[PDB]
Amino acid sequence: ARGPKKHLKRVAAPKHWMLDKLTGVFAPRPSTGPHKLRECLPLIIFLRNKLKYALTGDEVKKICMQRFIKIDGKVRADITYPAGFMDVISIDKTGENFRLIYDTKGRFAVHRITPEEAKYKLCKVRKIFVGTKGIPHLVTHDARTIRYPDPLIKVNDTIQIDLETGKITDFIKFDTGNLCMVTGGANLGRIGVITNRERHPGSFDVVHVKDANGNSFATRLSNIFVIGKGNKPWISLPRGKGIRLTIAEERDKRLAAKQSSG
Amino acid sequence: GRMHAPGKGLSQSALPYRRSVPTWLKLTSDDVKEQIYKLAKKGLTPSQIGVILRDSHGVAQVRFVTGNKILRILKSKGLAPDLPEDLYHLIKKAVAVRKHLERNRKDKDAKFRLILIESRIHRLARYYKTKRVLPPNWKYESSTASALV
Amino acid sequence: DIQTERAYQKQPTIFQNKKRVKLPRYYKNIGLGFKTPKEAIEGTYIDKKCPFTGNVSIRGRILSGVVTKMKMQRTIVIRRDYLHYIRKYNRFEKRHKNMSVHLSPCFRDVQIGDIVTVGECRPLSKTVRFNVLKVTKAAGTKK
Amino acid sequence: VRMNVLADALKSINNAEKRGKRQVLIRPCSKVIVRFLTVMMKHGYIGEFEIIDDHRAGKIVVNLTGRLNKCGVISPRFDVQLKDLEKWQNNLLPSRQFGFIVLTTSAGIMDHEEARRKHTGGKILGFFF
Amino acid sequence: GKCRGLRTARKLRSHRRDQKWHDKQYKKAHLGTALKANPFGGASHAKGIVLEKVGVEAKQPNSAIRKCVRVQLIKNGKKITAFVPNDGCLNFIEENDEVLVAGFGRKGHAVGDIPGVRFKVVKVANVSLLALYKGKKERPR
RNA sequence: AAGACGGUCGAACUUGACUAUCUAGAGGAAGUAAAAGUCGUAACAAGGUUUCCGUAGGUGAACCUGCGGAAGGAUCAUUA
RNA sequence: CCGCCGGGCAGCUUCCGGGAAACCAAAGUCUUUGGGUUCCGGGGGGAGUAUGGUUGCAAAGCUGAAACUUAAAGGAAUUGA
RNA sequence: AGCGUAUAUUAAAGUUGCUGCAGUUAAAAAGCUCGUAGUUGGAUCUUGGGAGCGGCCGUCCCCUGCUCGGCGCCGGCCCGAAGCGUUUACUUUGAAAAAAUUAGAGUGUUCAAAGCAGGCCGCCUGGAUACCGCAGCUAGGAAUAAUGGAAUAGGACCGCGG
RNA sequence: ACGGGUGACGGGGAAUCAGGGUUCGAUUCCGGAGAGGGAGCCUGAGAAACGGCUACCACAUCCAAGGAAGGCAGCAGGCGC
């Protein structure tokens with residue numbers, strides 16, 4: 001390497017894209033954007049592989065160059081634009097709106113939302129900051145810089161922003177007894193209520209989360225997103241509601257629905 | 001088996017079960033302590049004090065008559081000699097062998113037995129260094145080992 | 001006593017020419033529950049590389065060896081012992097790795113054999129990357 | 001010199017059993033020996049035993065039955081993980097039906113059956129079958 | 001195993017590491033000299049030019065002559081006695097013919113009653129000896 | 001702009017020095033394999049002087065002899 | 001003179017047990033294999049040779065290969081001559 | 001629709017032996033003791049108690065203290081949170097761990113090697129899961145094995161001069 | 001340790017396997033290094049780049065003899081081995 005790399009081989013592509021082997025050598029290396037390369041869903045992948053609207057990368061090119069698809073209330077004419085967590089994908093001509101939040105397993109589900117819910121999103125604040133005139137500053141998980149915020153919002157809270165104005169409406173404080181979706185590690189997509197936070201000065205602080213059915217699991221603080229106050233999520237969830245039942249239970253449910261079909 | 005010999009000798013003391021002092025003994029803790037003080041100040045090792053007591057006065061063991069060991073009595077009173085009374089005896093022997101060997105030059109046996117005694121001095125000296133009975137600077141050197149009596 | 005080197009030795013943060021009509025001292029608690037020791041606050045020595053009265057931040061690892069050598073200038077060699085586990089023979093082997101570590105004149109008397117706790121800092125010299133943060137006097141050592 | 005005390009205790013039981021004695025004398029007794037022999041007894045390979053108590057290391061007189069084949073030590077005391085009990089008791093024990101590996105866990109000194117039961121590793125001391 | 005301490009790993013390992021040299025096959029592989037001395041230089045076969053034919057007298061109780069041929073390797077220039085196997089196969093091999101030469105079977109050890117012959121001829125000027133023997137190919141004129 | 005002084009990084013060239021490998025080798029000297037050559041007979045039966053060991057001298061050749069060992073000896077033993 | 005205890009040089013005896021056996025209360029307690037530790041062996045030759053190092057005045061000592069050759073060399077015991 | 005040969009290498013090889021080899025005579029124990037690293041080191045310090053439930057038996061819970069709220073009760077008792085608590089190995093748990101391969105669940109690529117597809121008269125569905133030594137991180141346990149505390153009392157605690 | 005050797009780029013992995021293990025891993029994925037051998041630099045956010053430039057060493061093409069131009073361990077293909 002003598003500079004930045006531009007090709008991403010299909011075997012090196014993040015596993016949650018569920019890309020087949022015998023299609024090609026390469027996968028779409030996501031163009032730089034708000035979310036990380038590893039943890040996004042490129043617009044070509046979501047449009048062609050998941051929705052099956054297009055068949056080839058040229059067909060996706062033909063769609064995205066007619067200004068149809070709108071990511072977070074702005075038109076994105078880049079077929080490998082990184083669409084990541086909490087992002088709101090509205091297609092106007094079809095009349096359909098998707099919020100990219102995780103399946104109960106470590107992948108992105110294709111969760112349809114209503115016109116009135118596809119008008120805002122939840123942003124995890126990353127670092128608070130003072131500018132060049134004692135003007136306070138936020139930085140969120142999706143690279144948004146919000147200045148003149150509410151003077152109580154701190155480094156691990158969640159803010160609800162509007163996708164026209166880009167201004168803070170209401171916020172959920174990071175407390176014990178607040179709903180959190182886990183957005184990294186083994187427990188990727190698990191929804192549960194924060195039970196404890198265990199402080200380790202110099203190391204990564206681990207946070208205990210309780211599922212609805214009394215399933216207790218820990219995650220590092222970085223891989224947690226407060227998505228609701230109490231047991232009330234301020235968004236709509238996929239079918240499953242983030243439980244991640246065992247493989248024996250998933251089998252039982254599968255062949256239950258199978259034998260019921262007959 | 002012995003440290004520096006092929007022998008496997010089984011000959012030592014056999015203490016009885018009952019640690020209780022017998023009825024006939026009228027010597028109390030302070031009376032034997034006065035006796036031990038007198039014997040040590042006369043010029044006598046913890047070993048020789050112990051045998052004098054059990055032979056003549058009839059003191060089975062001082063650890064039962066008193067609550068202390070003879071050296072802990074003497075080092076509490078401040079009558080304990082500095083370098084211990086087994087390290088002392090090993091140096092004393094080693095000087096006695098070397099003084100013989102300086103004259104009788106062709107004594108190859110005395111040369112071999114001197115090496116064995118000195119290996120035993122070093123090996124016990126370093127035990128006392130770790131247990132802080134000696135300074136870390138303490139040296140056994142045959143040049144000025146006779147300065148130690 | 002101090003200012004032996006040709007350049008003037010001062011804590012460069014504190015200003016010592018305030019017109020009037022004792023010298024002040026800059027220090028810091030270096031986090032992770034380490035007591036900024038008494039000699040740091042009440043000494044008159046100068047050190048760039050003291051974690052208390054200098055410009056080094058402690059971050060990363062916190063390791064501990066035994067003091068081996070104290071024959072170089074404001075630096076010591078600690079000896080770190082561990083058991084490496086060979087897999088074929090279900091047994092260990094005794095290894096060691098001795099590192100040059102920066103000792104502040106803050107810790108006034110450390111004896112070779114003392115137990116040290118060291119915090120990772122930026123590279124201080126060619127081989128020095130750690131700083132002595134607390135000393136625990138070796139078994140007994142009262143007299 | 002006497003570096004392993006459990007090793008000599010179990011060898012002296014083994015020779016006494018082979019020779020066809022009704023009871024045996026173990027010289028330097030210890031918690032680990034008494035805790036080994038209680039595990040043996042609890043399954044019923046030895047009868048009762050009486051630890052003779054001088055003001056030193058004690059002595060044990062063990063009532064032997066004729067239903068013990070072998071009782072052996074494993075020195076050194078290896079760190080048997082729970083996932084390694086199988087591959088230890090595969091090559092140490094005669095069958096999957098009888099025989100026991102006593103190993104010193106955090107709970108106490110107990111056989112592979114109870115170590116599996118309580119979900120615990122530890123260190124192998126010996127075996128009896 | 002003799003020493004059984006729980007940290008005697010470098011002892012047991014270093015002991016075994018030293019004592020593997022006393023194995024005849026291990027040393028013959030891991031020292032250079034066997035490969036450095038091997039005419040083939042650690043290869044399956046080798047091509048070489050026939051420079052004369054030779055009648056090697058067989059060993060004891062066996063009483064015969066062996067239809068060997070003296071061959072010079074192309075890549076080394078080392079000289080080799082190669083045994084021409086089957087009955088009257090020496091009549092297809094004339095001099096200045098390049099031959100393909102294999103080992104006999106026993107990995108640089110003299111096979112049968114043929115004294116000091118490691119190698120055997122398999123091809124004669126790009127034609128198999130099996131082919132020229134069984135009458136499948138004729139010699140390239 | 002060409003050009004020049006100096007510094008610097010520095011390929012490479014010049015004469016020596018050492019050393020890793022290849023290779024010719026008068027000639028010397030061994031070990032080995034070789035169907036019946038010569039000179040003996042050192043060893044295995046007390047092998048015709050019991051054999052072997054360490055060291056030293058000697059000799060066509062196996063070997064011989066001195067000093068001190070060993071039984072793997074040809075004596076588990078020899079009598080008041 | 002008669003016995004007992006502990007260390008030592010040995011002896012006799014037996015289905016302790018082992019071992020290929022001769023035999024060994026140790027050369028036993030070993031597929032029912034794990035008390036502690038040092039040295040050291042890997043078919044027979046080539047060869048304790050060559051070479052390098054080191055020690056010695058010399059003789060020589062300690063460390064110590066390879067190419068190449070070879071299907072056996074050898075151990076205990078049996079029956080013959 | 002393949003089989004023979006040559007060579008490197010694995011199992012056979014318990015002929016490299018950690019599991020697991022041998023050392024009187026088959027190959028092998030330094031001539032003999034001394035000795036620093038290395039390796040290994042005797043016994044000994046918490047046993048014993050409260051109460052539950054099934055048929056004397058079996059398992060379930062109960063064993064160190066010193067500032068901010070309500071289950072509340074009346075400055076208190078309780079429960080909680082931010083701190084504290086000789087070190088170390090050991091063991092179990094959690095986190096963090098690229099895919100591909102390997103193991104492995106689903107699925108008639110006509111079977112199979114593979115592949116990640118597919119299935120039902122627009123709809124319904126997958127794309128799981130385990131494994132990843134050692135070192136580092138985290139939380140329980142305290143048998144086993146190291147290590148520390150008072151012995152010139154410069155000992156712990158409690159109070160008074162300061 | 002220092003030095004020397006590697007038919008040594010490292011790892012994910014591969015072959016063989018009772019349980020241990022032994023051998024392989026140039027080879028499509030990740031990381032590194034190189035563009036005939038060394039060295040020096042321009043431009044640019046990023047190069048000590050070679051399908052960039054400047055020297056010397058080795059080789060080598062075209063010459064109106066003054067000069068001009070080189071770099072397959074890219075895809076094909078040729079000689080040598």
# chains A, B, ... in the order shown; residues from 1 in each chain; ligands from 1

call {"tool": "select_by_dssp", "arguments": {"residues": "region 179-244 of chain A", "states": "strand (DSSP E)", "output": "JSON, numbers by chain"}}
result
{"A": [179, 180, 181, 182, 191, 192, 193, 194, 195, 196, 197, 198, 206, 207, 208, 209, 210, 216, 217, 218, 219, 220, 224, 225, 226, 227, 228, 229, 232, 233]}

call {"tool": "interface_residues", "arguments": {"of": "chain I", "to": "chain A", "cutoff": "8 Å", "atoms": "only C-alpha atoms (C1' of nucleotides)", "output": "ChimeraX atom specification"}}
result
/I:29,46-47

call {"tool": "write_last_selection", "arguments": {"atoms": "N, CA and C atoms (P, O5', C5', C4', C3', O3' and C1' of nucleotides)", "output": "PDB file, in the first residue's frame"}}
result
ATOM      1  P     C I  29      -7.561 -12.909  -3.115  1.00  0.00           P
ATOM      2  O5'   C I  29      -8.411 -13.543  -1.924  1.00  0.00           O
ATOM      3  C5'   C I  29      -9.469 -12.816  -1.265  1.00  0.00           C
ATOM      4  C4'   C I  29      -9.261 -12.803   0.232  1.00  0.00           C
ATOM      5  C3'   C I  29      -8.172 -11.877   0.747  1.00  0.00           C
ATOM      6  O3'   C I  29      -8.626 -10.526   0.776  1.00  0.00           O
ATOM      7  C1'   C I  29      -8.056 -13.959   1.873  1.00  0.00           C
ATOM      8  P     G I  46       1.367  14.617   0.633  1.00  0.00           P
ATOM      9  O5'   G I  46       0.940  13.085   0.560  1.00  0.00           O
ATOM     10  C5'   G I  46       0.972  12.216   1.707  1.00  0.00           C
ATOM     11  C4'   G I  46       0.552  10.822   1.303  1.00  0.00           C
ATOM     12  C3'   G I  46       1.474  10.128   0.312  1.00  0.00           C
ATOM     13  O3'   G I  46       2.515   9.444   1.010  1.00  0.00           O
ATOM     14  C1'   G I  46      -0.776   9.955  -0.431  1.00  0.00           C
ATOM     15  P     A I  47       4.065   9.672   0.639  1.00  0.00           P
ATOM     16  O5'   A I  47       4.507   8.257   0.057  1.00  0.00           O
ATOM     17  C5'   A I  47       3.768   7.625  -1.006  1.00  0.00           C
ATOM     18  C4'   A I  47       4.683   6.852  -1.931  1.00  0.00           C
ATOM     19  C3'   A I  47       6.187   7.127  -1.829  1.00  0.00           C
ATOM     20  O3'   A I  47       6.928   5.916  -1.948  1.00  0.00           O
ATOM     21  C1'   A I  47       5.445   7.584  -4.027  1.00  0.00           C
TER      22        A I  47
END

call {"tool": "closest_residue", "arguments": {"among": "I:3, I:11, I:78, I:37", "to": "residue 25 (chain I)", "atoms": "only C-alpha atoms (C1' of nucleotides)"}}
result
I:11

call {"tool": "atom_distance", "arguments": {"atom1": "CA of residue 4 (chain D)", "atom2": "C1' of residue 35 (chain G)"}}
result
5.5 Å

call {"tool": "closest_atom_pairs", "arguments": {"of": "chain H", "to": "chain E", "cutoff": "10 Å", "atoms": "only C-alpha atoms (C1' of nucleotides)", "output": "tab-separated table"}}
result
residue	atom	partner	partner_atom	distance
H:5	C1'	E:105	CA	9.0
H:6	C1'	E:102	CA	5.3
H:7	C1'	E:44	CA	4.1
H:8	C1'	E:42	CA	8.2
H:15	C1'	E:23	CA	8.9
H:16	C1'	E:20	CA	6.0
H:17	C1'	E:1	CA	7.2
H:18	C1'	E:1	CA	7.1
H:19	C1'	E:1	CA	9.8
H:20	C1'	E:1	CA	8.0
H:21	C1'	E:1	CA	8.9
H:38	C1'	E:11	CA	8.9
H:39	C1'	E:5	CA	6.6
H:40	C1'	E:5	CA	6.8

call {"tool": "residues_around", "arguments": {"residues": "residue 113 (chain B)", "least_positions_apart": "5", "cutoff": "10 Å", "atoms": "only C-alpha atoms (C1' of nucleotides)", "output": "MDAnalysis selection string"}}
result
chainID B and resid 4 94 97 108 118:119

call {"tool": "write_last_selection", "arguments": {"atoms": "N, CA and C atoms", "output": "PDB file, in the first residue's frame"}}
result
ATOM      1  N   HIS B   4      27.028 -35.401  54.019  1.00  0.00           N
ATOM      2  CA  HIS B   4      28.358 -35.680  53.409  1.00  0.00           C
ATOM      3  C   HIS B   4      28.900 -37.031  53.900  1.00  0.00           C
ATOM      4  N   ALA B  94      36.774 -26.376  61.208  1.00  0.00           N
ATOM      5  CA  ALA B  94      37.412 -26.026  59.913  1.00  0.00           C
ATOM      6  C   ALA B  94      38.795 -25.397  60.136  1.00  0.00           C
ATOM      7  N   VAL B  97      41.192 -28.250  61.391  1.00  0.00           N
ATOM      8  CA  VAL B  97      41.600 -29.139  60.258  1.00  0.00           C
ATOM      9  C   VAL B  97      42.668 -28.422  59.422  1.00  0.00           C
ATOM     10  N   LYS B 108      46.129 -35.805  52.000  1.00  0.00           N
ATOM     11  CA  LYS B 108      45.132 -35.663  50.902  1.00  0.00           C
ATOM     12  C   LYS B 108      43.722 -35.890  51.462  1.00  0.00           C
ATOM     13  N   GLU B 118      33.714 -27.043  54.862  1.00  0.00           N
ATOM     14  CA  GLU B 118      33.565 -25.659  54.327  1.00  0.00           C
ATOM     15  C   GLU B 118      32.303 -25.545  53.466  1.00  0.00           C
ATOM     16  N   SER B 119      31.998 -26.570  52.664  1.00  0.00           N
ATOM     17  CA  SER B 119      30.732 -26.691  51.894  1.00  0.00           C
ATOM     18  C   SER B 119      29.537 -26.634  52.855  1.00  0.00           C
TER      19      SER B 119
END

call {"tool": "interface_residues", "arguments": {"of": "chain G", "to": "chain E", "cutoff": "8 Å", "atoms": "only C-alpha atoms (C1' of nucleotides)", "output": "number ranges by chain"}}
result
G: 34, 37, 42, 66-67

call {"tool": "write_last_selection", "arguments": {"atoms": "N, CA and C atoms (P, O5', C5', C4', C3', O3' and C1' of nucleotides)", "output": "PDB file, in the first residue's frame"}}
result
ATOM      1  P     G G  34       4.585 -46.420  36.272  1.00  0.00           P
ATOM      2  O5'   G G  34       3.888 -45.134  36.902  1.00  0.00           O
ATOM      3  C5'   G G  34       3.802 -43.898  36.171  1.00  0.00           C
ATOM      4  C4'   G G  34       4.320 -42.752  37.006  1.00  0.00           C
ATOM      5  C3'   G G  34       3.578 -42.488  38.311  1.00  0.00           C
ATOM      6  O3'   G G  34       4.428 -41.858  39.266  1.00  0.00           O
ATOM      7  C1'   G G  34       3.192 -40.702  36.819  1.00  0.00           C
ATOM      8  P     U G  37      11.484 -33.968  39.092  1.00  0.00           P
ATOM      9  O5'   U G  37      13.061 -34.055  38.891  1.00  0.00           O
ATOM     10  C5'   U G  37      13.923 -32.974  39.287  1.00  0.00           C
ATOM     11  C4'   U G  37      15.326 -33.471  39.546  1.00  0.00           C
ATOM     12  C3'   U G  37      16.101 -33.960  38.335  1.00  0.00           C
ATOM     13  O3'   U G  37      16.634 -32.895  37.552  1.00  0.00           O
ATOM     14  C1'   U G  37      16.380 -35.490  40.103  1.00  0.00           C
ATOM     15  P     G G  42      23.846 -44.061  20.035  1.00  0.00           P
ATOM     16  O5'   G G  42      22.597 -44.695  19.281  1.00  0.00           O
ATOM     17  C5'   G G  42      22.531 -46.113  19.064  1.00  0.00           C
ATOM     18  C4'   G G  42      21.151 -46.501  18.600  1.00  0.00           C
ATOM     19  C3'   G G  42      20.694 -45.840  17.296  1.00  0.00           C
ATOM     20  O3'   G G  42      20.176 -46.799  16.389  1.00  0.00           O
ATOM     21  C1'   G G  42      19.002 -45.718  18.923  1.00  0.00           C
ATOM     22  P     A G  66      27.494 -38.576  10.687  1.00  0.00           P
ATOM     23  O5'   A G  66      28.080 -38.200   9.254  1.00  0.00           O
ATOM     24  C5'   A G  66      27.744 -36.959   8.606  1.00  0.00           C
ATOM     25  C4'   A G  66      28.599 -36.752   7.375  1.00  0.00           C
ATOM     26  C3'   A G  66      28.570 -37.871   6.339  1.00  0.00           C
ATOM     27  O3'   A G  66      27.433 -37.743   5.486  1.00  0.00           O
ATOM     28  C1'   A G  66      30.814 -37.255   6.774  1.00  0.00           C
ATOM     29  P     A G  67      26.736 -39.042   4.843  1.00  0.00           P
ATOM     30  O5'   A G  67      27.685 -39.387   3.611  1.00  0.00           O
ATOM     31  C5'   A G  67      27.792 -38.492   2.488  1.00  0.00           C
ATOM     32  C4'   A G  67      29.070 -38.740   1.721  1.00  0.00           C
ATOM     33  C3'   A G  67      29.171 -40.080   0.999  1.00  0.00           C
ATOM     34  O3'   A G  67      28.498 -40.102  -0.256  1.00  0.00           O
ATOM     35  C1'   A G  67      31.176 -39.676   2.180  1.00  0.00           C
TER      36        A G  67
END

call {"tool": "interface_residues", "arguments": {"of": "chain B", "to": "chain G", "cutoff": "10 Å", "atoms": "only C-alpha atoms (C1' of nucleotides)", "output": "PDB file with N, CA and C atoms, in the first residue's frame"}}
result
ATOM      1  N   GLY B   7      26.333 -43.121  55.085  1.00  0.00           N
ATOM      2  CA  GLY B   7      25.609 -43.716  56.226  1.00  0.00           C
ATOM      3  C   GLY B   7      24.136 -43.335  56.245  1.00  0.00           C
ATOM      4  N   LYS B   8      23.292 -44.215  56.799  1.00  0.00           N
ATOM      5  CA  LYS B   8      21.827 -44.019  56.975  1.00  0.00           C
ATOM      6  C   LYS B   8      21.465 -44.265  58.445  1.00  0.00           C
ATOM      7  N   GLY B   9      22.142 -43.558  59.356  1.00  0.00           N
ATOM      8  CA  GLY B   9      21.987 -43.710  60.815  1.00  0.00           C
ATOM      9  C   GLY B   9      20.612 -43.272  61.287  1.00  0.00           C
ATOM     10  N   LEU B  10      19.933 -44.132  62.052  1.00  0.00           N
ATOM     11  CA  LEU B  10      18.685 -43.815  62.794  1.00  0.00           C
ATOM     12  C   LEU B  10      18.997 -43.874  64.295  1.00  0.00           C
ATOM     13  N   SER B  11      19.443 -42.746  64.857  1.00  0.00           N
ATOM     14  CA  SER B  11      19.747 -42.565  66.300  1.00  0.00           C
ATOM     15  C   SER B  11      19.507 -41.102  66.690  1.00  0.00           C
TER      16      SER B  11
END

call {"tool": "interface_residues", "arguments": {"of": "chain H", "to": "chain D", "cutoff": "7 Å", "atoms": "only C-alpha atoms (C1' of nucleotides)", "output": "list in words"}}
result
residues 41, 42, 43, 90, 91, 92, 141, 142, 143 and 144 of chain H

call {"tool": "write_last_selection", "arguments": {"atoms": "C-alpha atoms (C1' of nucleotides)", "output": "PDB file, in the first residue's frame"}}
result
ATOM      1  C1'   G H  41      10.882 -30.095  48.454  1.00  0.00           C
ATOM      2  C1'   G H  42       7.389 -33.269  55.319  1.00  0.00           C
ATOM      3  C1'   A H  43       3.153 -32.120  58.861  1.00  0.00           C
ATOM      4  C1'   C H  90      -5.630 -22.538  39.436  1.00  0.00           C
ATOM      5  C1'   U H  91     -10.864 -23.150  38.055  1.00  0.00           C
ATOM      6  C1'   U H  92     -15.959 -21.515  36.085  1.00  0.00           C
ATOM      7  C1'   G H 141     -15.042 -20.115  43.994  1.00  0.00           C
ATOM      8  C1'   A H 142     -11.151 -20.691  47.773  1.00  0.00           C
ATOM      9  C1'   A H 143      -9.397 -27.218  47.832  1.00  0.00           C
ATOM     10  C1'   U H 144      -4.372 -27.447  45.988  1.00  0.00           C
TER      11        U H 144
END

call {"tool": "interface_residues", "arguments": {"of": "chain C", "to": "chain A", "cutoff": "10 Å", "atoms": "only C-alpha atoms", "output": "compact mmCIF listing (two decimals) with C-alpha atoms, in the first residue's frame"}}
result
# COMPACT_ATOMS: atom_id res chain seq x y z
CA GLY C 31 -5.60 9.10 37.86
CA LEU C 32 -6.29 5.33 38.38
CA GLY C 33 -6.17 5.83 42.22
CA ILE C 58 -0.01 7.54 31.97
CA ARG C 59 -2.29 5.51 29.60
CA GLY C 60 -2.45 1.86 28.34
CA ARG C 61 -0.81 -0.87 30.53

call {"tool": "interface_residues", "arguments": {"of": "chain I", "to": "chain C", "cutoff": "12 Å", "atoms": "only C-alpha atoms (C1' of nucleotides)", "output": "MDAnalysis selection string"}}
result
chainID I and resid 20:22

call {"tool": "write_last_selection", "arguments": {"atoms": "N, CA and C atoms (P, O5', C5', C4', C3', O3' and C1' of nucleotides)", "output": "PDB file, in the first residue's frame"}}
result
ATOM      1  P     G I  20      -6.020 -35.205  21.483  1.00  0.00           P
ATOM      2  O5'   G I  20      -4.649 -35.382  22.276  1.00  0.00           O
ATOM      3  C5'   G I  20      -3.465 -34.669  21.876  1.00  0.00           C
ATOM      4  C4'   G I  20      -2.244 -35.266  22.533  1.00  0.00           C
ATOM      5  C3'   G I  20      -0.916 -34.887  21.898  1.00  0.00           C
ATOM      6  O3'   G I  20      -0.424 -33.617  22.315  1.00  0.00           O
ATOM      7  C1'   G I  20      -0.985 -37.223  22.176  1.00  0.00           C
ATOM      8  P     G I  21      -0.376 -32.398  21.274  1.00  0.00           P
ATOM      9  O5'   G I  21       0.520 -32.970  20.085  1.00  0.00           O
ATOM     10  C5'   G I  21       1.955 -33.047  20.185  1.00  0.00           C
ATOM     11  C4'   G I  21       2.488 -34.267  19.461  1.00  0.00           C
ATOM     12  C3'   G I  21       3.173 -34.006  18.127  1.00  0.00           C
ATOM     13  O3'   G I  21       4.550 -33.706  18.347  1.00  0.00           O
ATOM     14  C1'   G I  21       1.596 -35.761  17.879  1.00  0.00           C
ATOM     15  P     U I  22       5.268 -32.495  17.575  1.00  0.00           P
ATOM     16  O5'   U I  22       5.633 -33.132  16.161  1.00  0.00           O
ATOM     17  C5'   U I  22       6.509 -34.270  16.057  1.00  0.00           C
ATOM     18  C4'   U I  22       6.460 -34.857  14.664  1.00  0.00           C
ATOM     19  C3'   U I  22       6.679 -33.888  13.512  1.00  0.00           C
ATOM     20  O3'   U I  22       8.069 -33.679  13.271  1.00  0.00           O
ATOM     21  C1'   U I  22       4.788 -35.236  13.060  1.00  0.00           C
TER      22        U I  22
END

call {"tool": "interface_residues", "arguments": {"of": "chain B", "to": "chain H", "cutoff": "9 Å", "atoms": "only C-alpha atoms (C1' of nucleotides)", "output": "JSON, numbers by chain"}}
result
{"B": [4, 72, 76, 112, 115, 116, 119]}

call {"tool": "interface_residues", "arguments": {"of": "chain F", "to": "chain E", "cutoff": "10 Å", "atoms": "only C-alpha atoms (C1' of nucleotides)", "output": "list in words"}}
result
residues 33, 34 and 35 of chain F

call {"tool": "write_last_selection", "arguments": {"atoms": "N, CA, C and O atoms (P, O5', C5', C4', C3', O3' and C1' of nucleotides)", "output": "PDB file, in the first residue's frame"}}
result
ATOM      1  P     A F  33      34.621 -54.948   2.877  1.00  0.00           P
ATOM      2  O5'   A F  33      34.098 -55.596   1.519  1.00  0.00           O
ATOM      3  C5'   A F  33      32.725 -55.444   1.112  1.00  0.00           C
ATOM      4  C4'   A F  33      32.635 -55.130  -0.364  1.00  0.00           C
ATOM      5  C3'   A F  33      33.134 -56.203  -1.326  1.00  0.00           C
ATOM      6  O3'   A F  33      32.205 -57.271  -1.508  1.00  0.00           O
ATOM      7  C1'   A F  33      33.975 -54.111  -2.003  1.00  0.00           C
ATOM      8  P     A F  34      32.385 -58.668  -0.722  1.00  0.00           P
ATOM      9  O5'   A F  34      33.073 -59.616  -1.804  1.00  0.00           O
ATOM     10  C5'   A F  34      34.408 -59.368  -2.294  1.00  0.00           C
ATOM     11  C4'   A F  34      34.350 -58.883  -3.724  1.00  0.00           C
ATOM     12  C3'   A F  34      34.867 -59.848  -4.788  1.00  0.00           C
ATOM     13  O3'   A F  34      33.892 -60.806  -5.194  1.00  0.00           O
ATOM     14  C1'   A F  34      35.884 -57.751  -5.103  1.00  0.00           C
ATOM     15  P     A F  35      34.132 -62.371  -4.919  1.00  0.00           P
ATOM     16  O5'   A F  35      35.433 -62.698  -5.782  1.00  0.00           O
ATOM     17  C5'   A F  35      35.440 -63.726  -6.799  1.00  0.00           C
ATOM     18  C4'   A F  35      35.397 -65.105  -6.175  1.00  0.00           C
ATOM     19  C3'   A F  35      36.507 -66.065  -6.607  1.00  0.00           C
ATOM     20  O3'   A F  35      37.779 -65.790  -5.996  1.00  0.00           O
ATOM     21  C1'   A F  35      34.407 -67.140  -6.822  1.00  0.00           C
TER      22        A F  35
END
